[PDB]
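Each chain gets a letter, A, B and so on, in the order its sequence line appears, and its residues count up from 1. Computation of the quantities below employed the complete heavy-atom set of this structure, encompassing side-chain atoms and omitting hydrogens, waters and symmetry-equivalent molecules.
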Amino acid sequence: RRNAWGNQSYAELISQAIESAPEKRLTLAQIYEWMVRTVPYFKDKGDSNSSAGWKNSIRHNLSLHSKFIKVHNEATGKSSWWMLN
DNA sequence: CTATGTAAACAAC
DNA sequence: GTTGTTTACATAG
Ligand SMILES: [Mg+2]
Ligand SMILES: [Mg+2]
(Lines give C-alpha, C1' and ligand atoms only; values in the text may rest on other atoms or scores of the structure.)
(Ligands and ions follow the chains in the order given, each with its own letter.)
Protein backbone atom coordinates (compact mmCIF):
# COMPACT_ATOMS: atom_id res chain seq x y z
CA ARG A 1 0.00 0.00 0.00
CA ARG A 2 1.25 3.36 -1.17
CA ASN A 3 -1.04 5.11 1.36
CA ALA A 4 -2.74 4.01 4.61
CA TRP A 5 -6.09 3.74 2.80
CA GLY A 6 -4.82 1.88 -0.29
CA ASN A 7 -3.01 2.74 -3.52
CA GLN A 8 -5.47 5.36 -4.76
CA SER A 9 -4.30 8.96 -4.96
CA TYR A 10 -6.53 11.66 -3.45
CA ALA A 11 -7.41 12.83 -6.97
CA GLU A 12 -8.56 9.27 -7.79
CA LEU A 13 -10.68 9.10 -4.64
CA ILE A 14 -12.30 12.50 -5.33
CA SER A 15 -12.91 11.40 -8.95
CA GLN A 16 -14.66 8.17 -7.75
CA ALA A 17 -16.75 10.18 -5.28
CA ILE A 18 -17.93 12.69 -7.93
CA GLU A 19 -18.61 9.89 -10.47
CA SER A 20 -20.77 8.06 -7.88
CA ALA A 21 -23.16 11.03 -7.60
CA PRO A 22 -26.27 10.70 -9.82
CA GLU A 23 -25.78 14.29 -11.12
CA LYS A 24 -21.98 13.95 -11.19
CA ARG A 25 -21.45 16.78 -8.69
CA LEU A 26 -20.87 16.98 -4.95
CA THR A 27 -20.10 19.68 -2.41
CA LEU A 28 -16.87 19.50 -0.35
CA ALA A 29 -18.78 18.13 2.73
CA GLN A 30 -20.30 15.45 0.46
CA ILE A 31 -16.87 14.42 -0.83
CA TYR A 32 -15.78 14.00 2.82
CA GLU A 33 -19.01 12.02 3.50
CA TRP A 34 -18.28 9.73 0.55
CA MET A 35 -14.75 9.00 1.93
CA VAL A 36 -16.11 8.27 5.44
CA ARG A 37 -18.86 6.05 4.04
CA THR A 38 -16.84 4.17 1.40
CA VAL A 39 -13.10 3.98 2.13
CA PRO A 40 -12.43 1.63 5.08
CA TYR A 41 -9.50 3.73 6.42
CA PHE A 42 -11.72 6.82 6.68
CA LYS A 43 -14.70 5.07 8.27
CA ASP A 44 -13.69 6.01 11.79
CA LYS A 45 -12.67 9.59 10.83
CA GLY A 46 -15.97 11.39 10.31
CA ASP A 47 -15.66 13.10 13.69
CA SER A 48 -12.70 15.25 12.61
CA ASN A 49 -12.74 18.98 11.83
CA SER A 50 -11.34 20.69 8.66
CA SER A 51 -7.80 20.81 10.02
CA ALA A 52 -7.70 16.98 9.71
CA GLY A 53 -4.74 16.28 7.40
CA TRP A 54 -6.80 14.26 4.93
CA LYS A 55 -9.50 16.99 4.64
CA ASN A 56 -6.79 19.61 4.00
CA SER A 57 -5.28 17.26 1.36
CA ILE A 58 -8.72 16.97 -0.35
CA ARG A 59 -9.18 20.77 -0.50
CA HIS A 60 -5.57 21.10 -1.80
CA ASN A 61 -6.25 18.57 -4.62
CA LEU A 62 -9.55 20.20 -5.63
CA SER A 63 -7.77 23.54 -6.17
CA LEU A 64 -4.52 22.22 -7.60
CA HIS A 65 -5.90 20.06 -10.38
CA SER A 66 -7.63 21.72 -13.33
CA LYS A 67 -9.62 18.45 -13.76
CA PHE A 68 -11.79 19.50 -10.79
CA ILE A 69 -14.17 22.35 -11.58
CA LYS A 70 -15.99 24.53 -9.08
CA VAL A 71 -19.61 25.55 -9.85
CA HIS A 72 -21.88 27.97 -7.96
CA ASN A 73 -24.45 26.30 -5.67
CA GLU A 74 -27.94 27.96 -5.38
CA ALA A 75 -28.63 26.40 -1.92
CA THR A 76 -28.30 29.35 0.55
CA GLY A 77 -26.12 27.81 3.27
CA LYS A 78 -24.12 25.38 1.12
CA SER A 79 -20.74 25.67 -0.63
CA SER A 80 -19.77 25.11 -4.30
CA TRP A 81 -20.50 22.07 -6.39
CA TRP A 82 -17.39 20.18 -7.51
CA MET A 83 -17.38 18.37 -10.85
CA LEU A 84 -14.91 16.64 -13.15
CA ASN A 85 -13.18 18.27 -16.16
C1' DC B 1 12.10 16.90 -12.74
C1' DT B 2 7.43 15.25 -11.83
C1' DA B 3 3.75 13.32 -9.07
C1' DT B 4 2.11 13.10 -4.90
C1' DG B 5 1.21 13.78 0.15
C1' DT B 6 1.46 16.83 3.98
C1' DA B 7 1.53 21.22 6.41
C1' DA B 8 0.38 25.80 6.84
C1' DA B 9 -0.45 30.97 5.61
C1' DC B 10 -3.98 33.52 4.39
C1' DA B 11 -8.59 35.40 2.50
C1' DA B 12 -13.25 35.17 2.80
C1' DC B 13 -17.18 33.50 4.55
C1' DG C 1 -15.01 26.45 12.16
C1' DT C 2 -15.32 25.82 6.94
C1' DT C 3 -14.20 26.57 2.16
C1' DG C 4 -10.82 27.68 -1.09
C1' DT C 5 -6.27 29.02 -3.02
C1' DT C 6 -1.89 29.19 -2.55
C1' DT C 7 3.22 28.43 -1.24
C1' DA C 8 6.52 25.36 0.82
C1' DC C 9 8.61 21.32 1.66
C1' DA C 10 9.34 16.14 1.81
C1' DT C 11 9.96 11.90 -0.63
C1' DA C 12 9.38 8.18 -4.22
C1' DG C 13 10.20 7.18 -8.60
MG1 LIG D 1 -9.61 22.93 -9.58
MG1 LIG E 1 13.62 11.52 5.91
* Check every strand shown and say whether A:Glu12 touches a base, only sugar-phosphate, or nothing at a heavy-atom separation below 4.0 Å. => nothing

* Asked: OP1 or OP2 of C:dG4 less than 4.0 angstrom from a side-chain nitrogen or oxygen of A:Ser80, does that happen here?
  -> yes

* **Heavy-atom check, side chain of A:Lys67 versus side chain of A:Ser15, under 4.5 Å** => yes

* **Option among A:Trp34, A:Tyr32, A:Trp5 that satisfies the ring-ring contact (aromatic ring centres under 6.0 Å, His included) test with A:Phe42** => A:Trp5

* Asked: The sugar of C:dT5: north or south, by the sign of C1'-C2'-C3'-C4'?
  -> south

* To do: Can you figure out which of C:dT3, B:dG5, C:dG4 approaches the side chain of A:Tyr32 most closely?
  => C:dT3

* **Side-chain N or O of A:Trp82 closer than 4.0 Å to phosphate OP1/OP2 of C:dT3** => no

* Under 3.5 Å: donor-acceptor pair, side chain of A:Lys45, backbone of A:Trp54 -> no

* Within this structure, what is the NZ-to-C1' distance between A:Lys78 and B:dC13, rounded to whole angstrom? -> 17 Å

* To do: Quickly work out the A:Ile14 CD1 to C:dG4 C1' distance and round it to whole Å.
  => 13 Å

* To do: Would you indicate whether A:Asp44, at its atom CG, is surrounded by more than 12 heavy atoms from other residues, nucleotides or ligands within a distance under 6.0 Å?
  => yes

* To do: Give a yes/no answer on whether the side chain of A:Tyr10 brings an N or O atom under 4.0 Å of OP1 or OP2 in B:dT6.
  => yes

* Structure fact -> Within residues 43-74 of chain A, the residues having a heavy atom closer than 4.0 Å to DNA chain B are A:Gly53, A:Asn56, A:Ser57, A:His60

* Asked: Closer than 4.0 Å, any side-chain N/O of A:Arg2 to the OP1 or OP2 of B:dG5?
  -> yes

* What is the distance from CG of A:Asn7 to P of B:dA3, rounded to the nearest Å? -> 19 Å

* Does NZ belonging to A:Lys78 count more than 12 external heavy atoms closer than 6.0 Å? -> no

* Would a 4.5 Å heavy-atom cut-off, applied to side chains only, mark A:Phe68 and A:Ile14 as touching? -> yes

